[PDB]
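# Residue-level structural notes
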There are 2 protein chains.
Amino acid sequence: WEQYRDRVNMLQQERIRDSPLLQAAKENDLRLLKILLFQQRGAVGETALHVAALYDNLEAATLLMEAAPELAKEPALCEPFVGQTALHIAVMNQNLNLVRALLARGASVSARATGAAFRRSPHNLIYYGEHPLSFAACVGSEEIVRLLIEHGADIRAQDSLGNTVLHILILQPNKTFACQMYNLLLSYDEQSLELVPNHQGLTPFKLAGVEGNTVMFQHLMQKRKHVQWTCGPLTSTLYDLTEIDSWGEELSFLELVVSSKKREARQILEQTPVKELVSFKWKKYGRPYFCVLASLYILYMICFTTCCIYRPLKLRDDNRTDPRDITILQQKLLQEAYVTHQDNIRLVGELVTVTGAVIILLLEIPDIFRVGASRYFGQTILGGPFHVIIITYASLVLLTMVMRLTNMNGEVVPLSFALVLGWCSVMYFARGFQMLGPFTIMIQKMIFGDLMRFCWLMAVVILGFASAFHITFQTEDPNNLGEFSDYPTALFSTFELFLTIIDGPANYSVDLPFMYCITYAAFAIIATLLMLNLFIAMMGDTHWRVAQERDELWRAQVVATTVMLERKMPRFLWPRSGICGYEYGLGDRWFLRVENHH
Amino acid sequence: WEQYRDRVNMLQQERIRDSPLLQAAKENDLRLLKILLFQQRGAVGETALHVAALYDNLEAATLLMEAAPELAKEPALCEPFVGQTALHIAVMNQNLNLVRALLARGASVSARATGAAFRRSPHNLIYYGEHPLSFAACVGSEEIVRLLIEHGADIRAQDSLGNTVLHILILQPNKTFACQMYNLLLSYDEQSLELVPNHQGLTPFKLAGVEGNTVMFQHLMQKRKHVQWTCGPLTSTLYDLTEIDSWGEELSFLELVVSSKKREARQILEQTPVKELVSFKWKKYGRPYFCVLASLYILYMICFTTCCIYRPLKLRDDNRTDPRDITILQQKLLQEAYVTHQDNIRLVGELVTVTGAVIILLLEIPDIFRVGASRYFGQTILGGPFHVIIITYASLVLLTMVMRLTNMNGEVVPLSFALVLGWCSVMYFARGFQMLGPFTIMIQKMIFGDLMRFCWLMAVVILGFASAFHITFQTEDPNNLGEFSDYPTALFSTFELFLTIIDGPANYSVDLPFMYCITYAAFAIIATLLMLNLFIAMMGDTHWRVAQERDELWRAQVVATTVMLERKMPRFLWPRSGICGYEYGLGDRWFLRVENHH
Ligand SMILES: C[C@H](OC(=O)C[C@@H]1Sc2ccccc2NC1=O)c1nc2scc(-c3ccccc3)c2c(=O)[nH]1
Ligand SMILES: C[C@H](OC(=O)C[C@@H]1Sc2ccccc2NC1=O)c1nc2scc(-c3ccccc3)c2c(=O)[nH]1
């Protein structure tokens with residue numbers, strides 16, 4: 001954890017303090033090293049050249065390298081810093097004379113430094129790989145990368161987690177150094193670099209997509225863009241799509257780019273060469289499958305509710321000689337569901353309900369292991385809080401159907417719950433309407449944004465005031481003042497008086513204790529005037545602030561539902577995307593053109 | 001008061017008008033003073049050189065100083081202006097030749113001017129101390145402070161209220177003169193200046209903290225910041241903390257900086273060298289003590305409410321031969337609380353309630369005299385309106401427990417009130433939740449921002465309309481139209497009809513007077529359509545305006561609760577902050593490092 005780097009840094013400062021060699025190296029004097037005139041480690045992995053290269057002392061570097069020739073060719077102890085080449089340390093400080101003298105001594109330019117501070121991790125800040133070439137090409141030393149590649153410093157290589165120098169240069173906050181170094185490393189390759197995967201299994205194109213570097217994405221696209229006729233204003237250009245649509249792999253680029261946990265992947269979809277394709281797909285074959293499947297799901301759910309509304313009956317058997325026993329029906333035995341001939345179609349409806357539940361479970365069971373569990377449960381782009389309520393509705397319908405087949409009493413307790421869950425399951429289908437798009441995404445944001453806070457602050461006030469009212473009314477007879485008879489219905493009545501549905505409990509034939517009157521007068525201005533209206537104002541404030549993000553999230557999830565319902569249906573029905581090129585002689589590469597106007 | 005300075009200024013203008021000496025001094029002519037050719041006061045403390053230095057007349061200054069040599073070495077009458085050195089007057093106007101000629105005459109450069117217009121007070125505007133060196137170093141005369149310190153003008157000194165020249169230079173709206181003069185006065189010190197307290201008892205570091213001058217705080221910190229290895233992008237720097245964490249004094253710097261009445265002390269906490277420390281403390285040992293103490297307080301309060309819900313009973317003794325007598329229970333004698341064996345644990349619960357009240361009173365009794373009464377009662381950072389309701393709940397539980405032990409009738413009147421107060425006391429514990437943080441601070445701002453105004457304007461309308469309805473319904477029999485029987489329940493029914501809980505009083509078997517109908521139709525559109533909705537809109541407007549301040553206030557109070565629950569618990573459990581330096585040889589100075597990235 002993070003009480004480790006401080007301790008080893010203080011120990012390293014102790015070890016540079018005590019020994020006069022490294023202390024004079026940090027001092028960079030004249031009559032120190034010659035007056036003294038080696039392979040001893042520091043606190044953890046540091047020789048004499050390391051602190052000299054770290055504090056940029058050229059004369060000390062030259063004096064030590066002409067004193068001991070073998071000392072530059074020496075790695076460090078590897079407990080917090082594996083390898084720790086002096087070249088790799090000095091290239092970050094970027095001294096021309098120092099890197100030239102180090103290559104004159106001829107250090108191992110193909111070294112490897114998989115240190116504990118050298119890893120793609122949220123602990124460290126920099127992620128620079130484990131190579132001096134990667135260090136130079138990510139810092140931006142354009143005059144030094146040529147001297148590094150002069151001695152052939154392994155233009156293709158792996159490291160810890162096995163990515164490459166191009167992925168290192170991509171995964172970086174961009175600048176001019178990034179684009180110039182990308183062009184440089186692409187030129188100095190002389191299939192071998194743009195095609196190599198990693199141990200995460202990604203093409204550099206797809207890794208730039210899953211990160212979100214839009215300018216690197218466009219500068220990689222612009223090397224694969226052939227131009228047709230350009231008549232004045234309008235320009236008809238062409239794009240390649242064999243990277244953007246693999247259609248034979250495990251994870252497509254369009255499917256992977258929507259599934260990241262990073263909150264910048266969604267902005268990649270408004271760039272042209274994926275936006276035109278997804279808008280063509282959504283204008284032709286997105287809606288005329290989604291809407292008809294939604295209509296069939298509407299018909300299935302209304303068939304389920306009109307089948308469940310005809311629940312069978314039996315009259316009462318035991319008497320009700322206690323005045324609060326109103327149970328006028330009961331559920332009869334299993335033998336009489338097939339006795340009446342006006343219920344065979346009702347059993348057919350129960351069969352189609354349980355068949356729909358089984359088929360939706362069998363569809364969604366492989367849909368749980370494609371990308372991660374939190375990638376499928378909480379990503380509002382893919383629709384997590386619709387998936388969980390769909391699978392809960394399916395499992396509860398299965399449980400209540402096997403309870404019906406086992407013929408036990410009290411079946412309505414899963415029935416009403418599964419019925420309201422399956423009917424609110426329709427709200428997933430509000431992605432194919434321009435009106436119904438942002439409103440559901442607003443309510444999905446709004447629940448876990450503020451209704452959680454409002455319920456968490458309402459609960460303590462209501463739990464206080466219900467107990468207060470019950471203490472003040474336990475000395476009161478309940479046959480006239482009906483409310484607050486026992487404690488749970490007092491809790492419920494206070495909840496209702498909070499949300500102002502029920503009227504205030506008042507009988508105008510007798511007198512009421514004044515403590516109730518003063519406490520209810522306090523409760524009115526602490527609940528109904530204040531907190532409900534403040535909740536309304538707070539949700540108006542937060543709607544004013546995140547009205548910007550809803551349309552971007554809606555575009556992200558419509559591209560998500562297009563790629564999901566492209567992957568799901570078999571390829572006998574969905575067309576092959578784009579136009580083929582074998583009838584025009586380019587050869588087995590599908591292509592697309594856009595007609596822009598600059 | 002403020003009808004004093006005007007009178008003495010008019011008298012001073014009278015005294016410069018009447019005497020031709022000072023009038024020619026203000027005139028600055030040639031053939032006036034030589035044609036006339038002294039120690040007479042003005043209206044209150046003014047000789048001839050004072051008005052000359054005040055109106056910047058160099059030839060008059062030279063002529064008077066070569067006429068009378070002793071006259072420059074002369075203070076003034078001290079009733080509104082004590083001392084009033086001519087050097088101290090002239091240094092504000094900042095004339096080089098005049099200050100050089102005054103030092104050539106050799107005035108008392110170590111003078112002292114504790115005038116009525118010279119004090120740290122909200123009456124005056126400038127607070128410049130009582131020294132010419134302080135005057136020069138706060139004005140910004142960088143070419144004149146050297147000539148002042150040339151004759152050794154007491155680089156360390158006190159004044160009225162006993163602060164120093166460095167505190168004078170700190171307590172000022174900053175500019176370039178301030179930072180350059182701070183560096184100058186630190187250099188010209190040759191433990192003696194950075195360590196001296198005042199008669200308020202503050203180090204200059206702590207006084208700059210309690211004022212709020214962030215740039216002076218950082219320029220004082222930057223003289224105590226040693227730098228470790230700087231490898232390219234990332235930089236590992238070190239801070240000293242023996243000023244920021246005294247841990248042996250009466251008032252720590254972090255404890256004092258949150259307790260000021262100034263509304264700029266809260267912005268100091270987003271500066272790095274205190275922010276990293278308080279975030280480390282809140283991430284390690286802030287929440288895992290606060291949350292478990294909150295859970296134990298939740299358990300104590302729910303034990304209190306489940307003990308109070310089992311209030312003992314006795315049936316009615318006197319009959320109810322009047323139709324509005326519903327009192328079906330009564331509180332029995334003290335002898336039967338220990339009669340039943342199903343109430344010993346209830347008496348145990350009453351004992352733990354009164355023990356919790358006694359222990360919370362014994363904890364909060366020394367917490368009332370640490371910083372001031374209004375510093376502890378109204379500062380929303382420290383939590384005043386939670387402290388007062390906690391101590392009120394404790395005192396009222398003590399009163400109702402001694403009333404139970406004395407066995408008097410009518411005990412529920414403090415019981416319900418203390419119960420609702422102790423249950424709303426949980427709302428203090430919404431500081432350790434990122435969701436529950438700003439919402440409670442919004443409601444605490446909102447009550448005393450606008451609900452006061454809305455209640456103050458609602459009261460007069462409701463007091464009018466209740467009297468109107470009661471006058472119109474005193475000619476009506478109450479056995480059918482139950483509402484508005486007597487005046488207080490008419491007041492309450494109008495309050496309820498304002499806040500729209502109860503429905504409108506209507507019986508559809510008889511007729512009602514038309515004055516009621518027209519007045520209730522006026523009351524509807526003057527209350528429910530208009531004023532409730534306008535209150536909703538006003539609180540939405542003010543939420544839109546002070547949505548900015550809530551997160552800053554929340555950061556301020558989380559640093560406040562960290563320093564308070566660091567000071568409160570004994571030091572056997574809380575760790576010593578930071579890392580020690582004796583095992584690394586620096587010596588008895590705890591230190592901290594930060595890993596920034598520029
Ligand atoms: C929208 C959803 O409808 C419900 O209320 C249904 C049930 S009723 C319930 C009753 C007592 C205790 C927990 C319940 N929970 C339900 O889910 C809903 N809205 C909200 S807002 C804040 C919460 C919450 C989160 C964590 C713990 C306790 C409450 C919440 C919630 O749990 N559900
Ligand atoms: C939030 C608090 O709950 C209460 O109402 C409880 C009691 S009822 C009451 C009845 C008649 C007269 C005074 C009362 N006071 C209470 O405190 C609360 N909210 C507000 S808004 C404006 C005021 C206010 C301030 C100064 C004088 C009169 C009223 C106020 C208040 O005093 N208390």
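Residues numbered from 1 in each chain as written, not as in the entry; some residues may be left out. Chains lettered and ligands numbered in written order. Part of a larger assembly, values for the part shown. Heavy atoms only, no water. Residues with missing side-chain atoms left out of burial classes, pairs and counts.

This deposited entry lists cryo-EM as its structure determination method and 4.2 Å as its resolution.

## Details of the overall build of chain A
Regarding its fold elements, chain A presents 24 helices and 2 strands. Over its C-alpha trace chain A gives a radius of gyration of 36 Å, far above what one expects of a compact globule, namely 25 Å for 598 residues. The C-alpha extent of chain A, read off along each of the three principal axes, is 110 × 75 × 55 Å. (Helix = DSSP H or I, 4+ residues; strand = E, 2+ residues; numbered from the N terminus. Rg over C-alpha atoms; globule rule 2.2 N^0.38 Å.)

## A short note on the site of ligand 1
All residues adjacent to ligand 1 are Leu451(A), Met452(A) and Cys455(A). Taken by itself ligand 1 offers 610 Å² of open surface, and the protein chains cover 26% of this. (Near = heavy atom within 4 Å. Areas by Shrake-Rupley, 256 points an atom, 1.4 Å probe, with all protein chains shown as cover.)

## Focus on the site of ligand 2
Around ligand 2 sit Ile525(A), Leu451(B), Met452(B) and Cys455(B), and that is every residue in its neighbourhood. Chain contributions to the surroundings of ligand 2 come from chains A and B. Relative to its free-state accessible area of 600 Å², ligand 2 is covered by the protein chains to the extent of 39%. If you tally residues by element for the shell around ligand 2, the top one is helix α20 (residues 437–473) of chain B, at 3 residues. When its residues are assigned to classes, the shell around ligand 2 shows 4 nonpolar, no polar and no charged. (Nonpolar A, V, L, I, M, F, W, Y, C, P; charged D, E, K, R; others polar.)

## A word on the UniProt feature "binding site: Ca(2+)" in chain A
In this structure's numbering, the residues bearing the UniProt feature "binding site: Ca(2+)" are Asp503(A). Structurally, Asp503(A) can be placed in the loop between α21 (487–498) and α22 (514–527). Judged by relative accessible area, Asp503(A) falls into the partly exposed class, the value being 28%. Sequence-distant contacts of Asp503(A), that is, excluding residues within four places in its chain, are made with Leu497(A), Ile501(B), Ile502(B) and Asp503(B). (UniProt positions renumbered as here; feature names shortened; annotations may be inferred. Buried < 20%, exposed > 50% of the residue type's maximum accessible area, 1.4 Å probe, protein only. Contact = heavy atoms within 4.5 Å.)

## Comments concerning the UniProt feature "intramembrane region" in chain A
Within the UniProt annotation, "intramembrane region" is assigned to residues 485–505 of chain A. In residues 485–505 of chain A, the share of helix is 57% and the share of strand is 0%. The end C-alpha atoms are 12 Å apart.

## With respect to the pattern of salt bridges
Residues and elements named next belong to chain A. This structure, assessed with the given rule, holds 23 salt bridges over all chains. Among the ionic pairs, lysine 281 bridges to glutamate 566, the shortest N-O distance being 3.2 Å. Linking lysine 281 in helix α15 (residues 272–308) with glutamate 566 in helix α24 (residues 550–568), this pair joins segments that are 285 residues apart in sequence. As far as the burial class goes, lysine 281 and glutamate 566 line up, both buried. Measuring nitrogen to oxygen at the nearest pair gives 2.4 Å for the salt bridge that ties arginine 453 to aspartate 450. Here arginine 453 pairs with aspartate 450, and both are found in helix α20 (residues 437–473), just 3 residues apart, close to one helical turn. Its relative accessible area of 5% is what places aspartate 450 among the buried residues. (Salt bridge = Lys/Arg side-chain N within 4 Å of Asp/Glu carboxyl O.)

## Things to note about the relation of the copies chain A and chain B
Superposing chain A onto chain B takes a rotation of 90° plus a shift of 0.1 Å along the axis, which leaves an RMSD of 0.0 Å. The operation mapping one copy onto its partner corresponds to a four-fold rotation axis. Interface overlap between copies is the fraction of interface residues in one copy that are interface residues in the other; for chain A against chain B it is only 9%, indicating separate surfaces. (Least-squares fit on C-alpha atoms.)

## What about the side chain of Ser467(A)?
Within the fold, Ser467(A) resides in helix α20. Residue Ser467(A) is classed as buried on the basis of its relative accessible area of 0%. Setting aside residues no more than four positions away along its own chain, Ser467(A) makes contact with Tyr487(A), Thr305(B) and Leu419(B).

## Observations concerning the interface of chain A and chain B
Contacts between the two partners involve 64 residues from chain A and, on the opposite side, 65 residues from chain B. Residue assignment for the side of chain A that touches chain B shows that the elements contributing at least two residues are α1 (5–18), α20, α21, α22 and α23 (531–546) of chain A. Tallied by class, the residues present in the side of chain A that touches chain B amount to 37 nonpolar, 15 polar and 12 charged.

## A few points about the pairing of strand β1 (residues 234–240) of chain B
Residue and element names in this part refer to chain B. Within β1, 7 of the 7 residues are buried, leaving the element largely enclosed by the surrounding structure. Alternating residues of β1 divide into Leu234, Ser236, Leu238 and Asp240 and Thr235, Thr237 and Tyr239, and every residue in both groups is buried. Note: β1 against strand β2 (residues 591–597), 7 bridges, orientation antiparallel. Bridging from a neighbouring strand, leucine 238 pairs with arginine 593 of β2. (Pairing = 2+ DSSP bridges.)

## Describing the side chain of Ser577(B)
Residues and elements named next belong to chain B. Within the fold, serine 577 resides in the loop between α24 (550–568) and β2. Note on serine 577: relative accessible area 10%, which makes it buried. Residues within four places of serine 577 in sequence aside, it is in contact with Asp245, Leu277, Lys281 and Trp590.

## Quick word on the environment of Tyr4(B)
Residue and element names in this part refer to chain B. Within the secondary structure, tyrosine 4 sits in the segment before α1 (5–18). With relative accessibility at 54%, the residue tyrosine 4 sits in the exposed group. Remark: the alpha-carbon pair of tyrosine 4 and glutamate 27, spanning 23 residues in sequence, is separated by 27 Å.

## Some points on the nonpolar core
Taken as a class, soluble globular proteins show a tendency for nonpolar side chains to be buried jointly. If you look at the biggest cluster of nonpolar residues, it comprises 84 residues, and the most contacted ones within it are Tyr520(A), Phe523(A) and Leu534(A). Top element by residues in this core is α20(B). It accounts for 12 residues. By size, the runner-up hydrophobic cluster in this structure holds 65 residues, among which are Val109(A), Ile144(A), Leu166(A) and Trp282(A). (Core = buried A, V, L, I, M, F, W, Y, C linked by side-chain atoms within 4.5 Å.)

## As for the environment of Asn95(A)
Residue and element names in this part refer to chain A. Assignment of secondary structure puts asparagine 95 in the loop between α6 (86–93) and α7 (96–105). The exposure class of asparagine 95 is partly exposed, given its relative accessible area of 22%. Beyond its immediate stretch of four places on either side in the chain, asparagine 95 contacts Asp56, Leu58 and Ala90.

## A closer look at the packing of helix α11 (residues 176–187) of chain A against helix α13 (residues 214–221) of chain A
All names here are of chain A. Contact pair α11 / α13: the axes reach a minimum separation of 11 Å and the direction vectors enclose 30°. Judged by the inter-axis angle, α11 sits roughly parallel to α13. The handedness of the crossing between α11 and α13 is right-handed. Counted together, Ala178, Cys179 and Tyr182 of α11 and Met216, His219 and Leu220 of α13 form the full contact between these two elements. (Axes fitted to C-alpha atoms, helices over the stretch in contact; angles between N-to-C directions. Parallel < 35°, antiparallel > 145°, perpendicular 65-115°, else oblique. Left-handed = near helix turned anticlockwise from the far one by under 90°.)

## Looking at a nonpolar patch on the surface
A cluster of nonpolar residues, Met427(A), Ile443(A), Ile447(A), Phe448(A), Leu451(A), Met452(A), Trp456(A) and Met435(B), forms a patch on the protein surface that exposes about 770 Å² of accessible area. Tracing the sequence through the fold places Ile443(A) in helix α20. (Patch = residues over 30% accessible without salt bridge, like charges linked within 9 Å, V, L, I, M, F, W, Y side chains within 5 Å.)

## Considerations on the packing of aromatic side chains
Residue and element names in this part refer to chain A. This structure, assessed with the given rule, holds 51 aromatic pairs over all chains. Where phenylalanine 205 meets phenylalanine 217, the ring centres are 5.7 Å apart and the plane angle is 70°; that geometry is what we call edge-to-face. On the criterion of sequence distance, the pair formed by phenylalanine 205 in helix α12 (residues 204–211) and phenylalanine 217 in helix α13 is long-range, its members being 12 residues apart. An identical accessibility class is assigned to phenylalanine 205 and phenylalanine 217; each is buried. Ring geometry for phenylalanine 469 and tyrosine 520: centres 6.4 Å apart, planes at 65°, overall edge-to-face. (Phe/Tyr/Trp six-rings, centres within 6.5 Å; stacked < 30°, edge-to-face > 60°.)

## Comments concerning the environment of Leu586(A)
With respect to the helices and strands, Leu586(A) occurs in the loop between α24 and β2 (591–597). Setting aside chain neighbours within four positions, we find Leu586(A) in contact with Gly581(A) and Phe591(A).

## A short note on helix α13 (residues 214–221) of chain B
Among all positions in α13(B), only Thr214(B), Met216(B), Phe217(B), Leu220(B) and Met221(B) are buried. Each buried residue of α13(B) sits inside an arc of 165° when the element is viewed along its axis, so together they form one side. (Arc of directions from axis to C-beta.)

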